[PDB]
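Every read-out reported here was derived from the displayed coordinates using simple, explicitly stated rules and does not represent laboratory data. Don't worry about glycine lacking a Cβ; one is built from the backbone with ideal geometry, like all the others, and counts go over all protein chains shown.
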Amino acid sequence: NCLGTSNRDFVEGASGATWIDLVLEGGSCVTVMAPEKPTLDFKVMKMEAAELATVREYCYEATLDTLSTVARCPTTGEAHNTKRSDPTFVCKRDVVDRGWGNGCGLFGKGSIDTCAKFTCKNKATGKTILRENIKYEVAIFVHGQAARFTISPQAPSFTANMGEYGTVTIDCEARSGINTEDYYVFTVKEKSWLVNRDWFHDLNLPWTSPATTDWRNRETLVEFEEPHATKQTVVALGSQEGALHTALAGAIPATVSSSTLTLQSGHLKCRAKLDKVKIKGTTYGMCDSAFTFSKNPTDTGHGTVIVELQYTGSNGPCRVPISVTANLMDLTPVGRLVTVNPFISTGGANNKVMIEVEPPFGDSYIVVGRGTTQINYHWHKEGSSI
Amino acid sequence: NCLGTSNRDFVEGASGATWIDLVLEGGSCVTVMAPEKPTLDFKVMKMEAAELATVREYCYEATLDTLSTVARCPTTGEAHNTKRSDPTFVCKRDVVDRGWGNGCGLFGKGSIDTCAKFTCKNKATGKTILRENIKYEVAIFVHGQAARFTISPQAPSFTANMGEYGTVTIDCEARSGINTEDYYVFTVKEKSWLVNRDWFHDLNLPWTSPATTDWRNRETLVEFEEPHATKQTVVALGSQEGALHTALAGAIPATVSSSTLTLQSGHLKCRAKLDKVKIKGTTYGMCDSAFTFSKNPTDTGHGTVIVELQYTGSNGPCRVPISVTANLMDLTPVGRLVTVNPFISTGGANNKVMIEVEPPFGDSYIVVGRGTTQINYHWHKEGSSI
Amino acid sequence: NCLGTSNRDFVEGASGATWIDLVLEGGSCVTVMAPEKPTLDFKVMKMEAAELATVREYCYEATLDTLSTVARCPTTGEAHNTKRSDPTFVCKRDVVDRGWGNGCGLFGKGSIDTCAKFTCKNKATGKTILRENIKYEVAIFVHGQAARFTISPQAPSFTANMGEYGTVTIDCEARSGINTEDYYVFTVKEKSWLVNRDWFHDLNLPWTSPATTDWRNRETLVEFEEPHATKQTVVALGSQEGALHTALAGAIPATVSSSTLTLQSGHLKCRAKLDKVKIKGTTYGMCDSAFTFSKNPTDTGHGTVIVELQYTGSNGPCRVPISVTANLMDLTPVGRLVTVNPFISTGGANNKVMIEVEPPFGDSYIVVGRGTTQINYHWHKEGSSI
């Protein structure tokens, strides 16, 4: 199940402590065993954001209610609607052709005024991610039940007695993956994505704040059509739900339940501190067989590529030789691997793995394995554009 | 005074160097001694932000000065005040009932125009925290005076010769506590708090910039009352100081002097690099006695709980067994400790400690000690809401 | 060429691994050799930002095109220009003196309306820096060709077989220097600087978005002069290029080519993981000679000082004794060094080095060397002010 720890990942001092680096990814786990000591399976479980705070609320499907139009004959100054006293009504002062047929003195421009009640049927919510909202749950399995603990960015360390290992301090910080700072959690009544903060602000839709409950910038979903002497019909523009869904293609969708817990991606770099202890360092070989694409490589909103492979061999457990090259005539590592340890669990028949890499901008080949039987994939990465 | 270093916190290689992790918190200090080597007390002192830059200046107590109202008879177009040429005056064009009693031709709507001088008596200042503003001062005591140095996020490392230890490189970065990015330093002439950046922007008060000295969005502290044919009395709204103080309940207050140095919270993780040297590793036991609440546990603006305890025993120096559980029937660590090392200095009679923890959202119990004589505290943490 | 590794920078466990800390700066490199093992020169090369996304586009040199003015006699309501139907035209309704000479009934205020086509000749571009845009290229030289690799914040680790050293994992994260979060890349058709995000938003110039192609806030580069009964001449304000260049003095200029790759500053902290291996630890002495200023110490936009020195001696390779003190009577390190390892490469005659330090705010002396023949420099650092 869990892949053993390697020699490079731990240092036993001649006197003092034995420090061991743990790379806890959502995919696989790292197990650490020691002579005359119980084996410890280190598996991360929940990378979440407990509770979020709302920043803004844009409206895409607005509905106009009560209308009222007051007009006055030309050469009599201006027209004034008595709904402007209430800031919850959007109004517009215009001019119309006037004559004897409508009931006025001179054939001129008669000033009018038309107000309408602005309400919002369906709205979208934008939420922010703060440091006191992030939690990480790590499970530890023992052989020879389990013991679980949690760590936050405010409390990254955890000390606990683990039997024959004595007191153990586990200091873990979060790395790689997404950058929670430059992102907002966009929420439609159905799904939820992650958008850029500047992309969120720069949006010409009627919005409201938890501090300012009254809607602002409403003059973008309302349309004042051709005015008449009596009634100037103003209508509510169509639902902008389609436009948003069209604008949210390259946005990365995060799983959000009713408790607003945000399941995210990335990895967790942890270091375990123990008393002086010798540890078995297992070293895994290379996969000499051939891999095949389980499906088409997807793409997340942070310029990384998720690729699901399936190994056709029994040399497990081994290390996947995946690299992103420039051309088929170059084995030059012009790409990078987000997944630090791309090992296969067991060697039982046909298994599958979940690897994530960062290819350079432009044309690049995702190549797995070598020799005569290797496969590749032409990938074109787009530049940054909100 | 200072608590000794533990076995886990240092690794002496068979050849090369001896690395030791130092967890420097504002509360206690970490002392490191070695055979035939002088003892070294590592104590952090100043976690500050030297100088800050102002971003905006909101006005809450505005004062209106010179008023002027120009009106014209109905059916004569519009009214135009000659103060609109000066952008430092807020104006409003309205209409009033007019007749023969006031001195006009027809009984209609006479257009008027009323301007007023806008000035700001008392204002609040919002300042930002940049990386070149943060400084950390660390003191080192020797036994057998002292040596002090400073580190910034731009210069986290410090190398200096320390006698028998030879050249010593101390590499320290800041962790946990607050996130200085998503916060602004709000400043009233009296106190100073820390607010969210989005909470700062989304504020409907007249504001000015160091770049734009002229006040903008002033039409929110002015009130145009019922207009008359001669003078339309417009007044300045009451002081919004009370509203701000009401809106700044859950905001964390930071100590700021006239030099704008911001005393903050969190901890400093440092690693000392020395030549190969053996170090005495002192291990402290558990507190078997009973703790009592010195006072009621407070709360900071970053979802953490400060709790002041007092130990009724003489087993010092020992480690405080404080944990945040879900229920009284569960000893499950559902909470976390921001304070990494919650040790007691000496064992002399009744001493006090300063522990800070991060409880999960909702109901949670803060439990100290075990056995028959332990105490707890029901705590309800609120969700994130600017 | 490269300075050897020091004893403090590596720990060889009695069993397991040998970890070595590498401080890779743009200036010098760190070479690590081992008995019966080939020497390895670790040199960083490219600290860049591959591709950037545009956020806003301000206009400083606008040009007005087609003008049109429609006026109507007084006591006839208002005037209405038929260009307001097109939102690409900026308009203004004003009043003028009217009489029999111009062709009207009564000597009163005749309402007019003047519109003009708003276009932008030259514009400035503001771009943002995201995590998927940052890349770091590191070169490794071997003696007894070279092997190069890349690392991103999403993929900071790199594992590769290096002959007799076996599998080697190099885990590197970025530290110090600039903070890419609070900065935007300002781009004029000529040069490119780095400005603050709040300084970018708070700017009263006509701006456009990649989402909103139509220009907004144009009423700041247009000037409506004294109006006449026929034509109200409105002109385009002069080029604001001079004002921007005046406002961009303390802004740090980054090298940007046509591929928008941003050459930046700071340093890269890396740790190499290898199997158990003994490493030669070379220790360098102190420079007893005298240094001289090659040129006047410059200043970057992040409150650090670049100083170029030249060593007049042959004691190389040695360590430069540069420190920032308060007064000439105090050797107190009140300043800090951004450059971690300020060593000199060879000792051949007169060589030059590139040191960067962070002096405290206010008066401070940059002192190099000691004894009778040392030199200093009075430096006054300004406070933070956008």
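Of all residues in region A:61-91, those satisfying the criterion of being surrounded by 17 or more Cβ atoms within 10 Å (Cβ to Cβ) and charged (D, E, K, R) are A:72, A:78, A:83. Summed over region C:113-144, residues that are farther than 30 Å from residue C:225 by Cα and either small (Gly, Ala, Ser) or touching a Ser or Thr at 6+ places or on another chain (Cβ under 9 Å) (or both) total 19. For region B:73-107, a residue qualifies if it is polar (S, T, N, Q) and within 13 Å of chain A (Cβ to nearest Cβ), and the qualifying residues are B:75, B:76. Number of residues in region A:257-282 that are surrounded by fewer than 19 Cβ atoms within 10 Å (Cβ to Cβ) and closer than 16 Å to residue A:124 by Cα equals 2. Those strands (runs of 3 or more DSSP E) of region B:118-175 in which 2 or more residues are touching a helix residue (DSSP H, G or I) at 6+ places or on another chain (Cβ under 9 Å) and β-branched (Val, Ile, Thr) occupy B:134-142, B:167-175. Here residue C:32 meets the list (1) buried (at least 17 other Cβ atoms within 10 Å of the Cβ); (2) over 16 Å from residue C:141 (Cβ atoms); (3) within 42 Å of the chain's Cα centre (by Cα) almost entirely, failing just condition (2).
Note on region B:296-315: among residues that are crowded, with 18+ Cβ neighbours inside 10 Å and more than 10 Å from chain A (Cβ to nearest Cβ), the one that is farthest from the chain's Cα centre (by Cα) is B:311. In region A:45-60 there is at least one residue that is buried (at least 19 other Cβ atoms within 10 Å of the Cβ), among the small types (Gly, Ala, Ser) and farther than 30 Å from residue A:206 by Cβ.
Any idea which residue in region A:351-360 is farthest from the other protein chains (Cβ to nearest Cβ), counting only those that are part of a strand (DSSP E or B) and within 18 Å of residue A:301 (Cα to Cα)? Result: A:354.
Okay, residues lined up against (1) within 16 Å of the chain's Cα centre (by Cα); (2) more than 10 Å from chain C (Cβ to nearest Cβ); (3) farther than 30 Å from residue B:33 by Cβ:
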position	(1), (2), (3)
B:125	yes, yes, yes
B:134	yes, yes, yes
B:149	no, no, no
B:171	no, no, no
B:182	yes, yes, yes
B:189	no, yes, yes
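The residues listed here are B:255, B:233, B:220, B:283; of these, the one that is touching a helix residue (DSSP H, G or I) at 6+ places or on another chain (Cβ under 9 Å) and of a type in the set (S, T, N, Q) is B:283. Quick check: anything in region B:41-51 in a loop (DSSP other than H, G, I, E, B) and farther than 30 Å from residue B:185 by Cα? For region B:41-51, residues in a loop (DSSP other than H, G, I, E, B) and farther than 30 Å from residue B:185 by Cα: absent.
Applying the criterion of being in a loop (DSSP other than H, G, I, E, B) and surrounded by 20 or more Cβ atoms within 10 Å (Cβ to Cβ) to the residues of region B:361-386, the residue that is nearest to the other protein chains (Cβ to nearest Cβ) is B:384. Residue B:40 falls short on exactly one of the conditions (1) over 22 Å from residue A:11 (Cα atoms); (2) among the aliphatic types (A, V, I, L, M); (3) at the interface with another protein chain (Cβ under 7 Å from one of its Cβ atoms), and that condition is (3). Does any residue of region A:300-309 turn out to be within 30 Å of residue A:129 (Cβ to Cβ), in contact with an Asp or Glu (Cβ under 8 Å, 6 or more places away or on another chain) and in a helix (DSSP H, G or I)? Scanning region A:300-309 turns up no residue that is within 30 Å of residue A:129 (Cβ to Cβ), in contact with an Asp or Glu (Cβ under 8 Å, 6 or more places away or on another chain) and in a helix (DSSP H, G or I). Quick check: is even one residue across region B:29-36 more than 30 Å from residue A:111 (Cα to Cα), more than 8 Å from every other protein chain (Cβ to nearest Cβ), touching a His at 6+ places or on another chain (Cβ under 7 Å) and in a strand (DSSP E or B)? Taking every residue of region B:29-36 in turn, none turns out to be more than 30 Å from residue A:111 (Cα to Cα), more than 8 Å from every other protein chain (Cβ to nearest Cβ), touching a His at 6+ places or on another chain (Cβ under 7 Å) and in a strand (DSSP E or B). Filter region C:3-26 for residues that are among the acidic types (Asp, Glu) and part of a strand (DSSP E or B); which is nearest to the other protein chains (Cβ to nearest Cβ)? The qualifying residue nearest to the other protein chains (Cβ to nearest Cβ) is C:12. Applying the set (1) closer than 30 Å to residue C:202 by Cα; (2) part of a loop (DSSP other than H, G, I, E, B) to residue C:93 leaves exactly one unmet item: (2).
Restricting attention to region A:106-117, the residues that are part of a strand (DSSP E or B) and either surrounded by fewer than 15 Cβ atoms within 10 Å (Cβ to Cβ) or of a type outside the set (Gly, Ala, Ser) (or both) total 6. The numbered conditions (1) over 30 Å from residue B:117 (Cβ atoms); (2) facing another protein chain (nearest Cβ under 9 Å); (3) surrounded by fewer than 21 Cβ atoms within 10 Å (Cβ to Cβ) are all true for residue B:209 except (1). The lone criterion from (1) of a type outside the set (S, T, N, Q); (2) over 30 Å from residue B:140 (Cα atoms); (3) surrounded by 16 or more Cβ atoms within 10 Å (Cβ to Cβ) left unmet by residue B:177 is number (2). Being part of a loop (DSSP other than H, G, I, E, B), of a type in the set (D, E, K, R) and away from chain A (no Cβ under 14 Å) is the requirement here; does residue C:219 meet it? Yes; evaluated as a whole, the condition is true for this residue.
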